[PDB]
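Report on the following structure.
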Amino acid sequence: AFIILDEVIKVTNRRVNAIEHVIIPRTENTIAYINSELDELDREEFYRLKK
Amino acid sequence: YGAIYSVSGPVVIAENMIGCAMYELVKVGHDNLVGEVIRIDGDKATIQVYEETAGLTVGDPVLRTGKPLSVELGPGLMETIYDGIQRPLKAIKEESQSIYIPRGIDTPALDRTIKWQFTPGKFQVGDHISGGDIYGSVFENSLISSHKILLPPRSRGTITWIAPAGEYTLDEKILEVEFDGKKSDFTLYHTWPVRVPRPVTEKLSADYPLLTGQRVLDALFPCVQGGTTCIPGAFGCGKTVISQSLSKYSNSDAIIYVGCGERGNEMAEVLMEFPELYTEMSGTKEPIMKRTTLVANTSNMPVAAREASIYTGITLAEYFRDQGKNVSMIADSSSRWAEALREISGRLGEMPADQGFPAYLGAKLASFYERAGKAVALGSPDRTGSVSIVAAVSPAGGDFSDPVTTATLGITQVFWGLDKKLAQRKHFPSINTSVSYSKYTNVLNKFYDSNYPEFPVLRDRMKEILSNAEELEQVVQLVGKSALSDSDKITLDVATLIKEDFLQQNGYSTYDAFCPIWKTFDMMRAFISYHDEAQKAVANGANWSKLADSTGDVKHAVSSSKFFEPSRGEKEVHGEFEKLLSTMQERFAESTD
Amino acid sequence: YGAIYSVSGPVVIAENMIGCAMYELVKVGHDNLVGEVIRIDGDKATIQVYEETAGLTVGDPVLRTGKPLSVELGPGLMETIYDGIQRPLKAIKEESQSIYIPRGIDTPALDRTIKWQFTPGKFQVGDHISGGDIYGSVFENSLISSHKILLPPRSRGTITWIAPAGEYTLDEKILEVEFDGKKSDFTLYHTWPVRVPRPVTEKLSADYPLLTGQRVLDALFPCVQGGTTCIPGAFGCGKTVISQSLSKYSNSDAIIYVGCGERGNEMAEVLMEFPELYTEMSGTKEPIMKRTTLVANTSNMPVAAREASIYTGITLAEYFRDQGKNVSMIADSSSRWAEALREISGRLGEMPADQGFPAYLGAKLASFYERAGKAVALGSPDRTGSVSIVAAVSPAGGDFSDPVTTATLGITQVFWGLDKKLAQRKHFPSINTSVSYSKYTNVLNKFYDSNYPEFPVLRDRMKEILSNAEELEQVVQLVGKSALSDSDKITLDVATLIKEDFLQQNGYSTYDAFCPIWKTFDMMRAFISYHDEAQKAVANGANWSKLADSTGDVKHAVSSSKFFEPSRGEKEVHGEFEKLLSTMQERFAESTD
Amino acid sequence: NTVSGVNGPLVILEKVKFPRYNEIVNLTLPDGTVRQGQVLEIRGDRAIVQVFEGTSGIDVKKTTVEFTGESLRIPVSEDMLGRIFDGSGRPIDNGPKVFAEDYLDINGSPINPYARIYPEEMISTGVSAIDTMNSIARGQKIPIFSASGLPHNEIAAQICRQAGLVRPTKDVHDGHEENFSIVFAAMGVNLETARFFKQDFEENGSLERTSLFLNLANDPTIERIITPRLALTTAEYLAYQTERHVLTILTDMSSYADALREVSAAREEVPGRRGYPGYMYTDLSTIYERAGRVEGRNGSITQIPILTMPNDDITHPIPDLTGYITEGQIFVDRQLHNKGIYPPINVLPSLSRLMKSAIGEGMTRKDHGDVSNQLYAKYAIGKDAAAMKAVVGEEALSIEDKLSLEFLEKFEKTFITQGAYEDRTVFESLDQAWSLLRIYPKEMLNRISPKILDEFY
Amino acid sequence: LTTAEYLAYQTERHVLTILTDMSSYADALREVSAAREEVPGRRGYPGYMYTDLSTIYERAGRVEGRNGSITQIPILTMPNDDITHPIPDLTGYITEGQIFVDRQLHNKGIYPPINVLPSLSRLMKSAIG
Amino acid sequence: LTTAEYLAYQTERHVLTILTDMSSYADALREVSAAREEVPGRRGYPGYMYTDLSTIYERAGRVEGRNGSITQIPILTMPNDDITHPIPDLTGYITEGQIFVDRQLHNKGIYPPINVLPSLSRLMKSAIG
Amino acid sequence: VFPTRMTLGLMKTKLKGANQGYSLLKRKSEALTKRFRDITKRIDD
């Protein structure tokens, strides 16, 4: 039981580190990139209308 | 003067303008709503009218006040609550019998039935006079003469008329200056444009040493006067609590509180609580209120008054800076000031820019901070005064990526974090060395190093101990405590002390309420002293467990210093610390052996 | 004449115009600034004046040239550096005593001080002639005629007189052509408008390789003469490096280098660099430069020049393409050309399309890439020519989804991606198979197979090694390399070697920068033989670590192979690569057992 | 005639059509103030002007004009060295009166005799972090890309005080042959920041060899845009006449861009993407063209502009346009600062286009460039491998990888860490690099030829 | 809101004002403008959306004499479950806390389904006695 | 299209018109309205872009005589790659389903690379028997 | 490259998936290492 416990904890430890460092910041950066383009399409339109 | 041609939405357009300038304050119609001239096309002027125009018509008169949007800085400024364009709230509460000021009702910018006793300064008939020179003073405090009457800037000449000592009305004159004929008469109150910064002899790097009486600012990353500081808010993280603390505990001459466009429930608290509260440097006569001049706009108040707010407060502080007093400027919050700008642009059809937020934003936020600072005071005596700016910022889009928070962090050299967690745990403020920096720090500590404190050495060593500890906590989580030595465990203990003694406060005693420079100094001296000996002794054959059982009485004593008087050794240098050095040395002989 | 009505910015309005196209060339003032009539509003034509302006009086004459903006096509343009508005920069250095053009100036577009050598043609007296016929030639190069002089398109007739062999001037007339009376007399140079593509008899499918000289380009996805290429930037592109390569290595007869409003340092690097390097077939008269004609513009140099640059360059290319010369046209960078359209659209006040970039960007861009390609030469003689358009682009949005990049991606035939991480490690130019394509590869690979190379099989195996590497690389980072097997462990390793060795072509040698079609083949062959042998060896019983250890020295030798010159063995097919095959085979026996 | 209206910083004048483009006019205010302005637009019996002084307080028939009849030019002189100016060329600390020996108009194109022969000599500040990875040639432009929460000001300061000590050493090597002068233009910065720069020039003894132009943010937005240009016109004059290498430090670029943006959303032009100007590119381009060797070929203008991202991204319209025009960038990172590394300049995506050109062999080694290629690769892979170490542990971390982990630490704490008075030289940087690089096997070190490798491990 | 201010001031009564739906009021405000020279801000919602919210908000608080009061609970419906939607964000800054009601609990079949997980009253202590 | 309608109607033929490239067609529409009084909507695309697509699309369907038909295959390349871009988004609505080609299959080395996961035709079952 | 027009909604849920996983998986990890330690002392004896 010990030897197995020793192997499984090593895998569970890698997964926490992976989701924390890689996954979450990728979701932040991608969201942001798209946000910045997106708001500008709505704004420029209003300026076009006004002109 | 003018005649109204059209009124479209909140905006009034008026013809027969042959002499309206584009900053002028005007009273529109017969309802005398407040308005200011944004643009001029031809003989037609564009005015944004900030106060409700339901009842207003076309063909009605437009009467200029004859000057831009300005604030009057006169005497009687203390123990009054104002708006950001400045009109006494208090006088409206009595007269109108309504707390807030409703449409079409206006009052002079200060009370005018009030009379003051004017004493002369150092001038006499026929002597030459210049800007910033003290022509007389008025008391308002029984601590200081808050209103020094200075000669107006943009005014100089030879004085044809000096009134003597005696009591005069605000309307009544006391000075005439001859400078290309009669320049004008002058009165106690002088006028000053909000967006125009006062002239000064010269501004200097922010370095003037004074406390805010909150230890953690000073200890972790030296608190600065003439500084610029941003603090993150979220309107229930305890920012409002530290603002009332920051205002009381300080030893500065005045505090100017600016509620830029706030809840109004927070503004209600500052009105009432501050006269209840008592000075930490002595004085009666409504203590905190007497030292404080209060500008209060809630979020519902005209977009102009909120917009003016930050400018108007900083103007009162700069003027006093010129007087040679140290003033603290506390603003909550520049995110509400920014928002208001968005409102005005949108109402005009003036294009905003990035994130829907004005293009006007960057340059304006920057214009404001540069007014704040250390200066040598305008006029011939030459004095030092300072204005310290603390501005709260908060999300403006529900993100911290908002143009405002990110623009201000660039301009500022001080950043101090603020947390929900530490506030629930009863540490107020909430500054940690991971969410802060101060680049002003090198000059401040240096200044402190001169006076008696060993400050620079101590402070670098303090930052490092809290940093190194964080890393040592991560090991406790993963591996546990079976891979940490006596020396690493010791780092943790010292760090807990630094945090306990400085960061955690809540007004436990009238020793947390005010702390001098000396008590801050003695606390850290004690922690480093223990750190070096303790680690040395474990290297020489001792254990953390051993150190702990013997240290006992001396170690609890340094933790509790914050409840006790600092006045034990002398009068502000603490005896509980001075004796500790000897006991800690003695402690270490026993520990090694 | 005209009268200048308004000068508002670089856009100038003048009344009392007449004629006026929509590309008509005008000179504004007595200063003679470059402009073009964009619009007409009423009698008044709106001209954007693209030259610098700080001293143009309103109410001066505006002179029409009577004709659209054109370039002169004739002898002596080769080995000459011009801007896009056609003024000899070299002449500008002498006259002006300034390297760049000063504003308020204008001068003729071709030097009129020199004489050129006319040699007869293939059209004698009474032969019928029709545009693009080779009337004669002028030698400009010391191995070829770079300028074969054609009769201009839409001219035809029978030649009464051909002047005899001899030297003449280029101002001097040497031909009379009869069509409908005396049609006109002709000179060596003729004009052609840049907004009119020069006609062609017929277009031919591309089939003849563009030898790019670079391994990473030949190997991953080859280009063809008659091709179209898009390259996206982010300032890690190494555009000057690859452009400099294209000029020297590409086996085209002529190369037209176009500076589209660049750094001004980089255009200066490629001018200076050509005479120092040597031609690929011998000849000196400033070697590489002798085949190279430059359009050079700088960023805040006249915008008309910048805008005209791709058009003027491509018209230069088309002329040589009708002469039956193969041409490599390098446009660097078209995104600054597109930027100009953003600017134009702004100045005028017209509404834009997506992200402020106009809609007319896609259609204009599409015409441009369509004027390039492989063709059968215009005129009776019949020759084959080519234009290969290679164009760099860049974001300004910090993504690859922005209009400029997108509109080019739509149209382009060959795409060479840019991977920021590889470039951060340095691997100029940097690509993966997933970010790049050439639709032309199939037809190219059959052609390469005839030549000697094992090229088809190597193209499929190259894609496959990179594609597998990408999938496995995600699994390694997140999960661990524990799931992976030893063959897939190898996949990462062989692929890594290809990254470092191919992509990197910056070098400090011309052997580490020029990799011939044969040198590129041997390298790729050697590396695949390794991978196949390697997957087998671990399969019948060997480790990734054990295998790695045995090849060891032999692996270093293939890495360092690239540094070694290509001029040895049979030609570039060295004995160094051939012996290496045997050593891999031997190594395979050891590795397995 | 007189003023019809003002819409923002645009002033609508009614006046006749006779003035020239950028002709100065003067506005007579009834307040006892004169304000200068320059024609942005000329139209049929009206003009639209941006005033350098003020931005508001402009009347109708109380306000009158007289046209100067003279277009906007800078009196550029060469005896302008040691004199202190503001953002218009008035003295604020009582530096010497401007005079005149030549007048040049500002248009980004004075006489423009910029480069058609590229730079090739080397300039070193003694900073390895900068010099090795980014080889600064004598007329290249490489900006400093930083972000909020960094001491970009401090690094700009490192350059300025350490330059003018390193340069005579470089004079002997034939890296230089001539004196150095610094032309500092500050835009839109705090009093406190402005004094810091002035403090640095005093402190060194290069207050007499520097020109300082100070523009503050509370001075008009129109004054702020003229400030970099004014500095640049002067700079070209010093280069021309007295043949010195002029380094221009133009700080801060974001402040300048905020000014352009207010004069483009208050213009009758619609601005580009993210409310940032459509000719924002152009405005930036004007500075950038003014780079390279100047006639007589021994003076030059070299440029380091300072950018702080106000939104922490290279996504933003300012970094992306800036980086395209210039030839590289020198990148500073947040992580390194937090840790205690000064200068905190990271080397992960910092890049020099004209690296090859800049290195030589008559004042630098030829191995500067070869060794650079290794450092960039190795560091880059090493940074990425470290993040990977965190995730995987030791179950996908090799022996070789452990060596990359060691190279990374050592590079950070030695190569990048040096105090603000520490001066290096190129030869020392190479030697220290060689040592770090030494633990790697021969096989590993594969982007550098065997000839080089074998001699120096 | 006006009717309420009169009952509260003159005859001194504690009034709770229930206002539903602030999202429909906001839409109306975005909706008007179709010949005005007034331009909206983010997501098509005004730049002056603040101003309009404020307007409702100004009638809310203690009345003068203070035994009567006007107490306001506005009700805001997220149409797409986005807390970064402009309507809740501006309001949230002005308001003294917020009540969050989530879909998840309604789904288990709890009614009312107020998750008190991110809900806050910032003057929680101040109310009780 | 008009010629196809003549083929389908008068002589009862099965007509296949293959119409490439819609994207090029979309741009052309976009370049105009830059001086028309008619104003451009979302992402600078005309609002009557839908109307333009629908004129093209109209000649498609079984003709009367019910022995002829015109079947229409429009060819769209996504210029930005996403399917929420204006060019594809509007077209997918007018049509009855969609067919997705994908970059990913192409990379592995597949031909014709067709992903089927978002691909569905909602009138498929009824037609066929 | 990822879709520009209203990706926001999907991308937000990706974040919520990720977030839920850190907390839960950390609880799970915490518990396994707490047990592991108990076994360690038993096995050694």
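Chain identifiers are assigned as A, B, and so on, following the order in which chains appear in the structure tokens; residues are numbered from 1 within each chain, and ligands are numbered from 1 in order of appearance.
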
12 Å contact set for region 113-123 of chain F, only C-alpha atoms, chain neighbours under 5 positions out, as an NGL selection string:
:F and (83 or 92-93 or 95-108 or 128)

What does the Cα RMSD come to when chain B is optimally superposed on chain C over every C-alpha atom in order?
2.4 Å

Starting from chain G, keep only residues with some atom at most 10 Å from an atom of chain B, counting only C-alpha atoms, and report them as a PyMOL selection string.
chain G and resi 29-30+33-34+37

Only N, CA, C and O atoms, please: the residues just picked out, written as an mmCIF file, in the first residue's frame.
data_model
loop_
_atom_site.group_PDB
_atom_site.id
_atom_site.type_symbol
_atom_site.label_atom_id
_atom_site.label_comp_id
_atom_site.auth_asym_id
_atom_site.auth_seq_id
_atom_site.Cartn_x
_atom_site.Cartn_y
_atom_site.Cartn_z
ATOM 1 N N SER G 29 -4.568 16.274 -2.735
ATOM 2 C CA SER G 29 -3.146 16.125 -2.602
ATOM 3 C C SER G 29 -2.672 16.190 -1.168
ATOM 4 O O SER G 29 -1.747 15.460 -0.790
ATOM 5 N N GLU G 30 -3.321 17.097 -0.424
ATOM 6 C CA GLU G 30 -3.095 17.506 0.927
ATOM 7 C C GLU G 30 -3.362 16.375 1.796
ATOM 8 O O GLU G 30 -2.643 16.105 2.735
ATOM 9 N N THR G 33 -0.791 13.264 1.167
ATOM 10 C CA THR G 33 0.473 13.524 1.812
ATOM 11 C C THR G 33 0.321 13.524 3.280
ATOM 12 O O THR G 33 1.210 13.001 3.888
ATOM 13 N N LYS G 34 -0.844 13.909 3.847
ATOM 14 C CA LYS G 34 -1.039 13.797 5.261
ATOM 15 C C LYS G 34 -1.005 12.270 5.706
ATOM 16 O O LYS G 34 -0.346 11.946 6.698
ATOM 17 N N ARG G 37 2.635 10.624 5.394
ATOM 18 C CA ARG G 37 3.480 10.900 6.527
ATOM 19 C C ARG G 37 3.261 9.921 7.644
ATOM 20 O O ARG G 37 4.182 9.484 8.360
#

Can you list, as a list in words, every protein, DNA or RNA residue that comes within 7 Å of region 315-320 of chain C when you count only C-alpha atoms, leaving out same-chain residues fewer than 5 positions away?
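In the requested form, the answer reads residues 194, 197, 198, 256, 325, 327, 329 and 387 of chain C.
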
Write the residues of the selection above to a file with N, CA and C atoms, as a compact mmCIF listing (two decimals), in the first residue's frame.
# COMPACT_ATOMS: atom_id res chain seq x y z
N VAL C 194 2.08 53.91 -63.37
CA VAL C 194 2.20 52.80 -62.43
C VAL C 194 0.88 52.19 -62.00
N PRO C 197 -1.34 48.07 -64.98
CA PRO C 197 -0.44 46.96 -65.18
C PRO C 197 -0.05 46.82 -66.65
N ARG C 198 1.25 46.59 -67.01
CA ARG C 198 1.69 46.41 -68.39
C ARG C 198 1.10 45.10 -68.90
N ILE C 256 14.59 43.57 -58.01
CA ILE C 256 14.09 44.86 -57.67
C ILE C 256 13.75 44.76 -56.25
N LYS C 325 12.95 38.37 -68.90
CA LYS C 325 13.95 38.19 -67.87
C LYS C 325 13.24 37.71 -66.66
N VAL C 327 12.67 37.77 -62.77
CA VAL C 327 12.78 38.85 -61.80
C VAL C 327 12.32 38.38 -60.43
N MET C 329 11.00 40.09 -57.04
CA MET C 329 10.57 41.36 -56.58
C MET C 329 10.36 41.21 -55.10
N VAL C 387 7.91 36.99 -62.41
CA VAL C 387 7.94 37.91 -61.28
C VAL C 387 7.55 37.11 -60.12

Could the residues of chain B within 9 Å of chain A, counting only C-alpha atoms, be given as a PyMOL selection string, please?
chain B and resi 349+351-356

Chain F contacts on chain C, only C-alpha atoms, 6 Å, as a list in words:
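Going by the stated atoms only, the list reads residues 353, 354, 359, 360, 401, 406, 410 and 434 of chain C.
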
Would you put the residues from that selection into a file with N, CA and C atoms, as a short mmCIF file (atom, residue, chain, number, x, y, z; two decimals), in the first residue's frame?
data_model
loop_
_atom_site.label_atom_id
_atom_site.label_comp_id
_atom_site.auth_asym_id
_atom_site.auth_seq_id
_atom_site.Cartn_x
_atom_site.Cartn_y
_atom_site.Cartn_z
N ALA C 353 -12.90 50.58 -42.30
CA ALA C 353 -13.43 49.21 -42.10
C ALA C 353 -12.82 48.79 -40.83
N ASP C 354 -12.51 47.48 -40.78
CA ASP C 354 -12.17 46.72 -39.53
C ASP C 354 -10.96 47.29 -38.89
N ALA C 359 -11.43 49.21 -46.38
CA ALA C 359 -11.97 48.05 -46.95
C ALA C 359 -11.23 47.82 -48.26
N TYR C 360 -10.77 48.89 -48.93
CA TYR C 360 -10.09 48.99 -50.22
C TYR C 360 -8.64 48.42 -50.09
N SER C 401 -4.62 38.19 -36.22
CA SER C 401 -6.04 38.12 -36.64
C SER C 401 -6.40 39.53 -37.20
N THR C 406 -4.53 39.31 -42.16
CA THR C 406 -5.64 38.57 -42.68
C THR C 406 -5.92 38.75 -44.16
N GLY C 410 -5.45 35.65 -47.08
CA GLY C 410 -6.43 35.21 -47.94
C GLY C 410 -6.00 34.82 -49.34
N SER C 434 3.04 23.64 -38.94
CA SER C 434 1.58 23.93 -38.67
C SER C 434 1.13 25.40 -38.90
#

Surrounding residues of residue 572 (chain C) excluding itself and chain neighbours under 3 positions, 12 Å, only C-alpha atoms, as number ranges by chain:
C: 511, 514-523, 561-562, 564-569, 575-578

Test item: residues at most 9 Å from residue 38 (chain A), only C-alpha atoms, excluding those fewer than 3 positions along its chain, as an mmCIF file with N, CA, C and O atoms, in the first residue's frame:
data_model
loop_
_atom_site.group_PDB
_atom_site.id
_atom_site.type_symbol
_atom_site.label_atom_id
_atom_site.label_comp_id
_atom_site.auth_asym_id
_atom_site.auth_seq_id
_atom_site.Cartn_x
_atom_site.Cartn_y
_atom_site.Cartn_z
ATOM 1 N N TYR A 33 -6.826 39.140 -24.936
ATOM 2 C CA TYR A 33 -6.490 39.499 -26.325
ATOM 3 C C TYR A 33 -7.672 39.759 -27.124
ATOM 4 O O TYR A 33 -7.697 40.757 -27.797
ATOM 5 N N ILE A 34 -8.681 38.891 -27.043
ATOM 6 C CA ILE A 34 -9.929 38.956 -27.674
ATOM 7 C C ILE A 34 -10.731 40.181 -27.096
ATOM 8 O O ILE A 34 -11.397 40.867 -27.884
ATOM 9 N N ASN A 35 -10.679 40.496 -25.742
ATOM 10 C CA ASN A 35 -11.444 41.568 -25.144
ATOM 11 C C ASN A 35 -11.120 42.862 -25.842
ATOM 12 O O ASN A 35 -11.978 43.662 -26.194
ATOM 13 N N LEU A 41 -14.290 47.451 -31.720
ATOM 14 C CA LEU A 41 -15.335 47.262 -32.805
ATOM 15 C C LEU A 41 -16.564 47.992 -32.373
ATOM 16 O O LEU A 41 -17.081 48.737 -33.253
ATOM 17 N N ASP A 42 -17.031 47.887 -31.122
ATOM 18 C CA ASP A 42 -18.175 48.578 -30.625
ATOM 19 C C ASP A 42 -17.959 50.044 -30.578
ATOM 20 O O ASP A 42 -18.854 50.784 -30.986
ATOM 21 N N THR G 4 -13.080 35.892 -32.433
ATOM 22 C CA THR G 4 -13.075 37.251 -31.876
ATOM 23 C C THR G 4 -14.397 37.664 -31.282
ATOM 24 O O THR G 4 -14.374 38.248 -30.193
ATOM 25 N N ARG G 5 -15.514 37.322 -31.979
ATOM 26 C CA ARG G 5 -16.905 37.774 -31.634
ATOM 27 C C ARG G 5 -17.534 36.869 -30.566
ATOM 28 O O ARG G 5 -18.113 35.835 -30.892
ATOM 29 N N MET G 6 -17.521 37.262 -29.335
ATOM 30 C CA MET G 6 -18.164 36.539 -28.185
ATOM 31 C C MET G 6 -17.654 35.090 -27.919
ATOM 32 O O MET G 6 -18.436 34.183 -27.765
#
